[PDB]
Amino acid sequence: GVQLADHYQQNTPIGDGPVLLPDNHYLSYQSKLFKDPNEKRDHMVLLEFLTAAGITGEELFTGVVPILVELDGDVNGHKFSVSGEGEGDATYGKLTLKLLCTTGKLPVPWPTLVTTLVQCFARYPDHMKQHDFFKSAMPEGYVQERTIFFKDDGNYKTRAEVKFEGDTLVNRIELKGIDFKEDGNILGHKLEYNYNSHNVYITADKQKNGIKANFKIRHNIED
């Protein structure tokens, strides 16, 4: 079986400069999760590859960009914080993050936070560069907001600001989770420590001068 996580997303610019509003397209994601055998705090090493594809600012991303991630979360009243650092290389659509729970044991499975913990590092092929909303909003950045519905379980609501602070791309997130089952796959820690490949469907939202996205994450179950 799989634990479905239905993602609804919207992104809006932080600044006032012109942004690219894209035609409908996908970001194709492949991810891999690792454990650092020498890291003794609860943590996740996350490696993502992200590439734009058809349905059928950019100057800041020519090289390797350091990343900082900060998340404050509260799921069924369990409060936690996650802090991470990494590097992204949009030329290859590649990012690497090491993320630590700084408040102790993470109260949810790490895979459920993968999507929350920087689509500006996607590799857009040359024919598609005019559809890269994410880089066009930089350096001032964008707000990424999501609701994530876990089938037969609770939901996450997230709000993140993704923007350059000096030379560093920062992803600062607040996450609130409610209505989770104490016995379920999430609070009961019944998800495999791995990740499947997914396509993120992106469409423009002219009223909010931004984009929206819809996709379904499939978490493998493991006890």
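In case it trips you up, residue 1 is the first one in the sequence shown, and so on.
A chain break between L106 and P107 is not present, all residues of the deposited sequence in that interval being modelled. The stretch of deposited sequence separating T56 from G57 contains 10 or more residues lacking coordinates in this entry. Taking only CA atoms, the mean B-factor in the PDB entry is higher for 47-55 than for the other of 47-55 and 168-176. Here the stretch with the larger average CA B-factor, out of 11-19 and 211-219, is 11-19.
The maximum CA B-factor among the listed residues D42, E70, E161, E182, taken from the PDB record, is found at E182.
Among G77, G88, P111, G141, the highest C-alpha B-factor in the deposited entry belongs to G77. In the PDB entry, a CA B factor belonging to the middle third of its chain's modelled residues is recorded for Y193.
Among all modelled residues in this chain, the alpha-carbon of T147 has a temperature factor (C-alpha) in the lowest third. When the modelled residues of the chain are ordered by C-alpha B-factor, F34 sits in the middle third. Annotation for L4: C-alpha temperature factor in the middle third relative to the rest of the modelled chain, per the entry.
Looking at the C-alpha B-factors along this chain, the one for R123 belongs to the middle third.
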